[PDB]
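Reviewing the structure listed below.
Within every chain, numbering begins at 1; the chains are lettered A, B, ... in the order of the sequence lines, protein sequences first and strands thereafter. The basis for the numbers below is simple: all heavy atoms, side chains too, and nothing from hydrogens, waters or symmetry mates.
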Amino acid sequence: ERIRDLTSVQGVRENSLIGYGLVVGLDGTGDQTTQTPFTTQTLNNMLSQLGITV
Amino acid sequence: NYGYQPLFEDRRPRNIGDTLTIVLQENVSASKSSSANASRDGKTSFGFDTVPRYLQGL
């Protein structure tokens, strides 16, 4: 059980994924949204997608 | 029966026969102008009021 600990197999590799999201349900410890316009912009985007146009 | 109707979603037209309000507000204005000019003035003169004798023939 040492070769598996010393080498890696060609083609058997890991990639990296990134994305943007919103986290809700905080107890008043979220963004101020006055210094972060993108939070409100993306919340409006989500609401518009769901059918609400602010 | 008028089918499923969302509760909190804004009232939007979804099917044939639904109504929608259009606020006509058009304001289009285009303009263009150009010009070109060219001028040329030329004056030339030469006069011998008094000609000395040795220059007379010329």
Side-chain angles (χ1 to χ4, degrees):
Chain A
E1 292 75 61
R2 269 242 58 92
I3 282 196
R4 82 179 306 155
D5 276 303
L6 293 164
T7 65
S8 55
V9 189
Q10 172 197 58
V12 191
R13 47 159 301 167
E14 277 227 350
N15 293 257
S16 268
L17 304 183
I18 210 181
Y20 171 83
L22 290 178
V23 158
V24 301
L26 310 180
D27 291 88
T29 57
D31 284 342
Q32 306 264 156
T33 68
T34 325
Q35 321 264 66
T36 54
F38 41 83
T39 307
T40 38
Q41 189 183 354
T42 54
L43 196 95
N44 285 142
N45 275 312
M46 158 176 88
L47 287 177
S48 183
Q49 181 62 60
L50 288 165
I52 292 106
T53 314
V54 198
Chain B
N1 188 201
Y2 305 131
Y4 169 81
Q5 273 146 256
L7 218 65
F8 309 116
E9 283 158 52
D10 287 3
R11 47 177 187 107
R12 278 177 195 166
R14 299 173 210 267
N15 296 332
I16 284 173
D18 278 23
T19 65
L20 168 67
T21 297
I22 310 275
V23 184
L24 313 161
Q25 49 179 78
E26 308 286 327
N27 212 248
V28 186
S29 199
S31 201
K32 63 165 177 183
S33 61
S34 56
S35 50
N37 58 269
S39 194
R40 188 162 100 167
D41 275 33
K43 211 206 145 293
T44 324
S45 100
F46 173 67
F48 231 123
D49 294 298
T50 313
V51 190
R53 203 165 185 171
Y54 60 93
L55 275 187
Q56 281 282 340
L58 253 181

### Task
May I ask you to check whether over 12 heavy atoms, not counting those of B:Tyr2, lie within 6.0 Å of atom OH?
no
Result block: side-chain N/O donor-acceptor pairs under 3.5 angstrom for residues 35-58 of chain B, not counting sequence neighbours:
{"residue": "B:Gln56", "atom": "NE2", "partner": "B:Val51", "partner atom": "O", "Å": "3.1"}

### Smallest separation among heavy atoms of A:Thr53 and B:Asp10, with atom names
N-OD2, 3.1 Å
#### Entry: A:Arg4: partners by salt bridge (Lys or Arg N to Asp or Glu O under 4.0 Å), with sequence neighbours left out
none
### Task
Spell out, yes or no, whether A:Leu47 and A:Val24 are grouped together once hydrophobic residues are joined by side-chain heavy atoms under 4.5 Å, including indirect joins.
no
## Note on the structure
Smallest heavy-atom separation, A:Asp31 atom then A:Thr36 atom, equals CB-OG1, 3.7 Å
### Message
When you group the ILVMFWY residues by side-chain heavy-atom contacts below 4.5 Å and let the links chain together, are B:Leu24 and B:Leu20 in the same group?
### Response
yes
#### Entry: Linked, directly or transitively: A:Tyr20 and A:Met46 (ILVMFWY side chains, under 4.5 Å)
yes
#### Entry: Residue A:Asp5 excluded, over 12 heavy atoms near CG under 6.0 Å
yes
### Task
Please report the shortest heavy-atom distance between A:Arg13 and A:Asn15, naming the atom on each side.
NH2-OD1, 3.7 Å
### Query
For the atom pair CG (A:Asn45) and CG (A:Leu50), what is the distance rounded to the nearest 0.5 Å?
11.0 Å
### Query
Hey, is CD1 on A:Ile3 packed in by over 12 heavy atoms from elsewhere, all under 6.0 Å?
no
### Summary
Between B:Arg12 and A:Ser48, the two heavy atoms sitting closest are NH2-O, 3.8 Å
#### Entry: Hphob cluster co-occupancy, A:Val54 + A:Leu43, side-chain heavy atoms under 4.5 angstrom
yes
